[PDB]
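1. structure of the sequence below:
(3 chains, ligands or ions: 9)
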Amino acid sequence: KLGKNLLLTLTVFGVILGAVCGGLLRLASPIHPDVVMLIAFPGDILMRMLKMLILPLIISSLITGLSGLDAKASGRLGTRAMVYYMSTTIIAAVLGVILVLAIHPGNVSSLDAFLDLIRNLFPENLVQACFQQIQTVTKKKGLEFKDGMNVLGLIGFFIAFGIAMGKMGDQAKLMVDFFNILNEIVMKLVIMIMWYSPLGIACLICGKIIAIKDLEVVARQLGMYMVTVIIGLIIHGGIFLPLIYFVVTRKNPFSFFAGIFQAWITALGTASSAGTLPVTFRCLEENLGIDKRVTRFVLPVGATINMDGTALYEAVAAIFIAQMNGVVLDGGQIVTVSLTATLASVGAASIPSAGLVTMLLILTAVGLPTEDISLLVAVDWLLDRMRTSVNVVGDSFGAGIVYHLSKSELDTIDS
Amino acid sequence: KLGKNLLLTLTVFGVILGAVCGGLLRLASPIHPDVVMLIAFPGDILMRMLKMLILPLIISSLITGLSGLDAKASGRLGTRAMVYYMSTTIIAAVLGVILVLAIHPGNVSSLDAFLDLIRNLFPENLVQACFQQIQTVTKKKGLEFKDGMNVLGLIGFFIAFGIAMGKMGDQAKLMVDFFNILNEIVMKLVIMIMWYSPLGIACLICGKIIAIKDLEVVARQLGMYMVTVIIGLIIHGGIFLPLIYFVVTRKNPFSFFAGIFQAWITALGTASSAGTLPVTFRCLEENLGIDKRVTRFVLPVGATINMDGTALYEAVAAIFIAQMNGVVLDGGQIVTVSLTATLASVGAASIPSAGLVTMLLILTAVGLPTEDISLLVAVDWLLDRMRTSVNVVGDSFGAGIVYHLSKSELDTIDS
Amino acid sequence: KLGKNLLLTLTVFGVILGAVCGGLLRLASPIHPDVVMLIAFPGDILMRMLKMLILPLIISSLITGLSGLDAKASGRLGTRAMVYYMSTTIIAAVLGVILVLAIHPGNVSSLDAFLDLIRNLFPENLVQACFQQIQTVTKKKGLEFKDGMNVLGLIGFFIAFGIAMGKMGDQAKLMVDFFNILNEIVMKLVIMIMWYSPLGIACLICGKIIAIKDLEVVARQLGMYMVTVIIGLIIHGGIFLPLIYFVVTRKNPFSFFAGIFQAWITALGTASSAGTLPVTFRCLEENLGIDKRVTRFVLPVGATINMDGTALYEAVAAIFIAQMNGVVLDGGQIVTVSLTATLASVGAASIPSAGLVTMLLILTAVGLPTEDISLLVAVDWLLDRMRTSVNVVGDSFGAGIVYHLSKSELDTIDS
Ligand SMILES: CCCCCCCCCCCCCCCCCC(=O)OC[C@H](COP(=O)(O)O)OC(=O)CCCCCCCCCCCCCCCCC
Ligand SMILES: CCCCCCCCCCCCCCCCCC(=O)OC[C@H](COP(=O)(O)O)OC(=O)CCCCCCCCCCCCCCCCC
Ligand SMILES: CCCCCCCCCCCCCCCCCC(=O)OC[C@H](COP(=O)(O)O)OC(=O)CCCCCCCCCCCCCCCCC
Ligand SMILES: COc1ccc2[nH]c(=O)c([C@H](c3nnnn3CCc3ccccc3)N3CCN(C4CCCCC4)CC3)cc2c1
Ligand SMILES: COc1ccc2[nH]c(=O)c([C@H](c3nnnn3CCc3ccccc3)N3CCN(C4CCCCC4)CC3)cc2c1
Ligand SMILES: COc1ccc2[nH]c(=O)c([C@H](c3nnnn3CCc3ccccc3)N3CCN(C4CCCCC4)CC3)cc2c1
Ligand SMILES: CC(C)CCC[C@@H](C)[C@H]1CC[C@H]2[C@@H]3CC=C4C[C@@H](O)CC[C@]4(C)[C@H]3CC[C@]12C
Ligand SMILES: CC(C)CCC[C@@H](C)[C@H]1CC[C@H]2[C@@H]3CC=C4C[C@@H](O)CC[C@]4(C)[C@H]3CC[C@]12C
Ligand SMILES: CC(C)CCC[C@@H](C)[C@H]1CC[C@H]2[C@@H]3CC=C4C[C@@H](O)CC[C@]4(C)[C@H]3CC[C@]12C
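-> Numbers count the residues shown, from 1 in each chain, chains lettered A, B, ... in the order given. Ligands and ions are numbered 1, 2, ... in the order given. Sure, structure below:
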């Protein structure tokens, strides 16, 4: 383990170097602010270089993922799996938003805000939604343009685009190959910047540690943040999933919880939703007698497009950062956070600590200071390893639920 | 006819429901204006959702239509048909603009305005012409940017694009198939919104009926509007087409008018330029002895890209709406209306009442309030059925004129 | 030569007509300024019509040129030729900028300007870099948006795009053919406007001659400009290339200079880097005994993507025009001029006087008045014919240098 996972070693060296350089330069002096910005400048280069690559990334991944990979699944298993997967993620995101508003760390009318949301959902002109959002000002009222991206309009129009390409069928094969080429090129350009990343994260940690003005209250609210995400994760993966199992299936949930309770240990141990599939296959198809005809369809897709924990942690860590810089949020933006939590949970998957890459979608959707993500990155070496456990549990309970809903269908397709 | 044409029944129910809800709520009270906007809100959603789909619609239809469908017609019949078709539409649009300025319902220098037009025709930067127009302000003068789309610059550049793709030939077959795929996808997404449409048109009729402040003067100017479009249609389809026949052909026009005078009845009866082709083929190739070698080329394309009536009605109903809200127009915009009347007549064709879809190109070109189109939609159940008659007559007279211009060419290609 | 090169004859007639019309109308009267703008208006139409075609031209030429034409050259000859070609052009551009700042014709902090440059190099949102640049204003400081294109961000991102398409290999053949089609279409649309060009250049010469307010001081600084570019060309093609030859090769440079000294005469005579290849092949492969295995790779590509003279003349004629209208330039823009001199030298090649087409990239990168290029176009009939000589010499010295660096490689690939 000395030379393997070279990027992990480099990020550890970067965080350690940035922490000790902060510990030197904070005890150095009251610093001139422009040399502080000059020191934090590689972090700003990393943030601007990564926000460069969410416009072709959304556009390419939405049309590669939707049309071309929904192509003729099982007629009932596909829609049941998709209903469960877009149900539990939305429920987890609403639970995360409710918890981070209730605990409250980090210490126009509402009807016009929700009309503002519905107006921003359907964009007027397309190129005037790649960089400008419509908002409502006072005097009567009028509607003008604030800066910042409009993520909801693009995701709405391109979801309608991908679905309308799926129903054309075999005629459109000069387009899905084009967008697969575009997605592969954009992903290689993301790999380049993620190889550059640790020198950016070191300077950003230094820039957020030197100019922080207090070394205690930030640690207090960070501990409060970790308390919030732990309590949200345990209330979801303890109450909300076995209740959904018990309402529909009318079976005892702990008897299902036994085999996943032995798989859950290595799920915590390896922190990957992709690493635990050879374990959970031997767990699920043997310890509970689940049919082979449904697990090969509902588990490997469930390890990718269904991660409740990376919705909970993401939608809590957005409104934490909003409640650090004083920017209170209204109902025209809480729905944006709770929807792009769903639309940013399904993207970045199958890897340890992928919540610190797909956060940059939400941190530009709601219109927030993007350059404060480093106060997350020091406290995620303990947080991801239990988040992946709920990512595993949310796939296993769906593998139970779809199988109990379609046992009759499997038996009538037998004979 | 009870269940057939389901969208027509739903639009009738929507207009009737919106009219009776206006007749209730106007006699209800002086209404608070924000609940009036809340009631009219689905109409605003329909308008913004339809202005979402004119940027890929123009871009896709211009390059699907030009390069790929001009591919090797007859060498003389094609250019003669195109000269006649882009002649009579421009003449009809100028006649409509002149009539609606003369009757005048709805009760910077000019040289700098025309320089402003020529500057907006050739756009400086392409992405700064999808959402911003260049205008000239006072103090010396200077040139700055007003908001609103620039339709003329995009239509100019993409017409040059489609023509420059037509002259490349067989090399570019990885592009025209791409844009055919894009056009089919955008047309299916238009079909979705036109299925949503009647619930939008009902709420927009309610929002324009409640806040109208007078129930008599608007009906007076609407009757004046119907008078203007009827007088323009009769002066065009009575004088201007037989004069063009009589100058070139030196033949009596009523003898040509006999067979189209019996086809004209079912042309008024069915209100479609596509429904009258099996009638007008039996009329034209038999009652006048027109050659089969030219009618199969000049009639079915003439039923699509040559509709003088949907230029006249369109270019009158734009400057009516401009003269309702007081916005007087100058020569930097009258040319925009009279040119996009031509470039919006050739697009939306072969259907009853297609002038209430392609109006939204002109209503965003000239920079007008788009949300007042519903005062057209109550008075078009009587206006379209005679407009399609002139659409038929404008194809039949061209079928006569091109045949008389190329009778010698047909006889010398015989032997 | 009476009817051949018809565009050259038309440009000569246009320049002569514009000069004599200036010589009449300057001795006519103090002119009203708006009819002066009306006379100069076709030149403004030509400038806006040509700035229309640098956004698809950069995007198409960068991905046609990079991926698809670097495909498996020689493993060492390719990188040695590319190192020499991107070395001498950058050295020539820095020498040109230094000379035009030193002679000085035409009579925020710097650290924040260079941070502004690094911020504009990596663009935040892509569509907000096709028309808007980020700049830093005072009060603390803040960062806002000035108008004007951002050329460096697009060239950076699309260079990374073309390189990341080159490493994918055979999978992406539905993209490079698409962008070859786009490049051919955009080049035909450039051919159309270059056929329109002389009527534009005549009116622009009239508009810059009538409103010039002095007939002597402009000629004095134009003579100073010609002095600057001649002195820069002679110091480069006399000192800097034989020094680079003599440091590495340790051979006498005049013995190499003999055969190119007889080729140099017809290089001055025909003013084309494409016309002198049959001469320089017989010169180089015979008079110096250079191997056939390297000249067929390093000469015909060197006649296209390596022109030091069209970097020197270009990067001097940009900062001349900046120093005519008083607009002094700082270090946030001098790097932009000296980099887009390199990235605009490699594009427009193999033709007499191609520096008056690719100038319009730099004249919109630095944010300058584009409509003053005509004071170049009267004094380039004497300047291009010696510029092409240095274009030839810069290829011949590289053909010597790469051959001496790889003589051992050629001998070990022999046996
Ligand atoms: C640094 C920047 C980071 C930004 C992160 C962006 C990541 C992507 C965010 C966008 C999310 C969507 C991308 C596409 C899905 C992931 C890509 C993928 O590989 O999928 C694998 C997966 C196929 O798996 P594979 O075969 O293993 O590739 O794709 C799917 O089958 C599911 C795709 C779902 C698409 C998202 C749906 C969200 C909206 C839910 C509503 C659905 C329509 C409702 C209609 C109205 C009611 C009738
Ligand atoms: C809700 C939004 C509604 C917006 C409505 C937009 C509808 C399209 C508006 C844009 C109009 C152009 C679209 C393309 C034509 C219609 C599409 C089509 O199906 O065509 C069928 C037709 C082929 O018929 P088919 O074979 O039955 O499909 O296409 C044509 O052959 C004619 C295309 C004409 C294109 C418009 C020309 C207008 C400019 C006239 C000047 C011509 C060049 C002059 C050069 C300078 C002088 C030398
Ligand atoms: C009116 C508007 C005028 C505007 C003028 C724009 C003209 C193009 C300007 C953009 C210049 C780039 C265009 C592409 C090259 C010319 C096109 C062409 O035909 O090439 C022929 C040539 C192939 O020749 P052929 O086979 O005869 O076509 O292409 C090449 O092989 C060289 C292409 C070089 C591309 C430019 C490189 C400049 C950046 C240098 C850094 C390189 C990466 C460093 C990586 C970091 C360090 C590891
Ligand atoms: C769909 O949109 C998104 C959004 C955010 C994203 N974040 C990411 O990390 C990645 C990821 C990556 N990117 N950078 N490094 N890795 C891995 C580390 C590594 C790279 C090279 C050598 C050794 C280790 N790739 C690169 C390669 N992976 C491999 C997949 C199996 C397990 C790890 C290796 C996956 C995909 C994709 C991604 C896609
Ligand atoms: C080129 O750019 C444009 C601009 C404006 C446009 N307006 C439109 O109406 C349409 C039209 C449509 N769209 N929505 N409904 N229809 C028909 C009603 C219907 C639909 C489904 C079931 C029963 C009835 N389509 C849909 C299908 N048509 C069919 C064509 C033969 C006659 C009617 C049916 C034509 C094309 C295209 C169009 C294209
Ligand atoms: C890569 O980006 C760029 C940037 C700036 C550019 N400037 C240009 O001049 C051209 C050039 C052109 N364009 N217009 N005229 N020519 C030639 C004059 C001519 C045309 C027709 C008949 C007789 C003479 N073409 C057109 C055709 N050439 C031919 C090539 C061999 C020598 C001359 C003829 C070259 C390419 C391309 C170009 C590409
Ligand atoms: C928010 C910005 C700074 C991105 C976060 C930067 C760092 C911390 C992120 C970006 C990409 C991530 C890496 C992506 C891939 C792997 C391979 C896996 O086997 C171990 C984790 C590891 C090594 C991740 C560790 C954390 C990581 C290096
Ligand atoms: C003004 C805006 C809202 C667009 C107009 C909305 C409604 C009235 C328009 C849009 C599309 C139109 C329909 C398009 C297609 C058909 C099929 C035809 O056989 C009967 C008419 C009918 C059913 C049209 C009726 C009017 C229509 C429904
Ligand atoms: C600043 C704008 C107007 C560009 C300059 C306009 C004129 C002077 C430019 C544009 C294109 C140029 C031409 C491009 C091609 C050729 C063919 C070559 O065998 C002789 C030179 C000649 C004829 C060039 C002469 C100068 C030229 C005509």
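
2. OK, contacts around the residue in chain A that ligand 8 sits nearest to?
-> Of all residues in chain A, the one sitting closest to ligand 8 is residue A:122 (14.5 Å; CB to the nearest ligand atom). For the C-beta atoms, the positions are set from N, CA and C on the backbone; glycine is no exception. Under the criterion of CB atoms under 8 Å, 6 or more residues apart in numbering or on different chains, the contact partners of residue A:122 comprise A:153, A:156, B:45, B:48-49, B:52.

3. tell me how far it lies from ligand 9.
-> Distance check for residue A:122 against ligand 9: by CB to the nearest ligand atom, to the nearest Å, it reads 44 Å.

4. how about that residue, phi and psi?
-> Per-residue torsions, residue A:122: phi -110, psi 100 (degrees, to the nearest 10).

5. cool, and residue A:6?
-> Geometry field for residue A:6 lists phi and psi as phi -60, psi -30, criterion degrees, to the nearest 10.

6. and it, how many neighbours?
-> Residue A:6 is surrounded by 9 other residues when neighbours are defined as other CB atoms under 10 Å in any protein chain shown.

7. so which of the contacts of residue A:122 is the closest to ligand 7?
-> Proximity of those to ligand 7 (CB to the nearest ligand atom) peaks at residue A:153, which lies at 24.8 Å.

8. distance of the residue nearest to residue A:176 when sequence neighbours are not counted from ligand 6?
-> By the measure of CB to CB, 6 or more residues apart in numbering or on different chains, the closest residue to residue A:176 outside its immediate chain neighbours is residue A:68, 4.7 Å from it. Distance, residue A:68 to ligand 6, using CB to the nearest ligand atom: 35 Å.

9. can you get me a residue count around residue A:224?
-> Around residue A:224 there are 15 residues (other CB under 10 Å).

10. list the contacts of the spatially closest residue to residue A:248 that is not a sequence neighbour.
-> Counting by CB to CB, 6+ apart, residue A:248 lies nearest to residue A:401, which is 6.2 Å off, once chain neighbours are set aside. In this structure, residue A:401 makes contact with A:84, A:244-245, A:248-249, judged by CB under 8 Å, 6+ apart.

11. okay, and residue A:401 sits in which element?
-> Residue A:401 is part of helix A:384-405 when elements are defined by DSSP states H and E.

12. next one: residue A:135
-> Taking DSSP H and E as the definition, one finds residue A:135 inside strand A:132-136.

13. hmm, that strand in reach of chain B?
-> No: for strand A:132-136, no contact with chain B is found by CB under 8 Å from any CB of the partner chain; the gap never falls below 8.5 Å.

14. following element in sequence after that strand, please.
-> Along the chain past strand A:132-136, the next helix or strand (assigned with DSSP H and E) turns out to be strand A:143-147.

15. how far off centre is that next one?
-> Going by CA atoms, centre = their mean, to the nearest Å, the spacing between the C-alpha centre of strand A:143-147 and its chain's C-alpha centre is 28 Å.

16. could you do stretch A:210-223 as well?
-> In terms of CA atoms, centre = their mean, the gap separating the centre of stretch A:210-223 from the centre of its chain is 25 Å.

17. what are the buried residues along it?
-> A:210, A:218, A:221-222 (16 or more other CB atoms under 10 Å in any protein chain shown).

18. name the residues that touch it?
-> The set of residues external to stretch A:210-223 that reach it, using CB under 8 Å, 6+ apart, is A:22, A:25-26, A:31, A:33, A:36, A:39-40, A:105-107, A:324, A:375, A:379.

19. then stretch A:184-199?
-> Applying CB under 8 Å, 6+ apart, the external contacts of stretch A:184-199 come out as A:7, A:10-11, A:13-15, A:42, A:46, A:49-50, A:53, A:56-57, A:60, A:357, C:160-161, C:164-165, C:167-168, C:171-172.

20. in helices, which of those residues appear?
-> The members of the contacts of stretch A:184-199 that map onto helices under DSSP state H are A:7, A:10-11, A:13-15, A:42, A:46, A:49-50, A:56-57, A:60, C:160-161, C:164-165.

21. buried subset of those residues?
-> Buried subset of these (neighbour count, 16+ other CB under 10 Å): A:10-11, A:14-15, A:42, A:46, A:49-50, A:56-57, A:60, C:160-161, C:164-165.

22. may I ask which two of those residues are separated the most?
-> Every pair in these was compared (CB to CB); the two farthest apart turn out to be A:15 and C:165, at 34.0 Å.

23. in what helix or strand does the residue of the stretch 251-400 of chain A found nearest chain C lie?
-> Ranking the residues of the stretch 251-400 of chain A by distance to chain C (CB to the nearest CB) places residue A:364 first, at 8.7 Å. Per DSSP H and E: residue A:364 is located in helix A:359-365.

24. so what's the residue nearest the centre of chain A closest to, chain neighbours aside?
-> For chain A, the residue lying nearest the average C-alpha position, counting by CA atoms, centre = their mean, turns out to be residue A:345 (3.3 Å). Beyond its immediate neighbours in the sequence, the residue positioned closest to residue A:345 (CB to CB, 6+ apart) is residue A:311, lying 3.9 Å away.

25. what residues does the residue of the stretch 251-400 of chain A closest to chain C make contact with?
-> By CB under 8 Å, 6+ apart, the neighbours of residue A:364 are A:51, A:54, A:148-149, A:151, A:370.

26. mind doing that once more with 10 Å?
-> Residues touching residue A:364, when contacts are defined by CB atoms under 10 Å, 6 or more residues apart in numbering or on different chains, comprise A:47, A:50-51, A:54, A:148-149, A:151, A:340, A:370, C:124-125.

27. residue boundaries of the strands in the stretch 251-400 of chain A?
-> Across the stretch 251-400 of chain A, reading from the start of the chain, there are no strands by DSSP state E, counting those that start in this stretch.

28. contact residues of it facing chain C?
-> A:364, A:370 (CB under 10 Å from any CB of the partner chain).

29. who's in contact with the residue of the stretch 251-400 of chain A at minimum distance from ligand 1?
-> Going by CB to the nearest ligand atom, ligand 1 is nearest to residue A:347 of the stretch 251-400 of chain A, at 2.4 Å. With contacts defined as CB under 10 Å, 6+ apart, residue A:347 is in contact with A:57-58, A:61-62, A:65, A:304-305, A:307, A:310, A:354, A:357-358, A:361.

30. one more pass at 8 Å, please.
-> Residue A:347 makes contacts with A:61, A:358, A:361, as judged by CB under 8 Å, 6+ apart.

31. check contacts around whichever residue of the stretch 1-150 of chain A sits closest to ligand 9.
-> Among residues of the stretch 1-150 of chain A, the one nearest ligand 9 by CB to the nearest ligand atom turns out to be residue A:127. It sits 29.3 Å away. Residues touching residue A:127, when contacts are defined by CB under 8 Å, 6+ apart, comprise B:55, B:127, B:130-131, C:127.

32. what's around residue A:298, how many residues?
-> The local packing of residue A:298 (other CB under 10 Å) involves 28 other residues.
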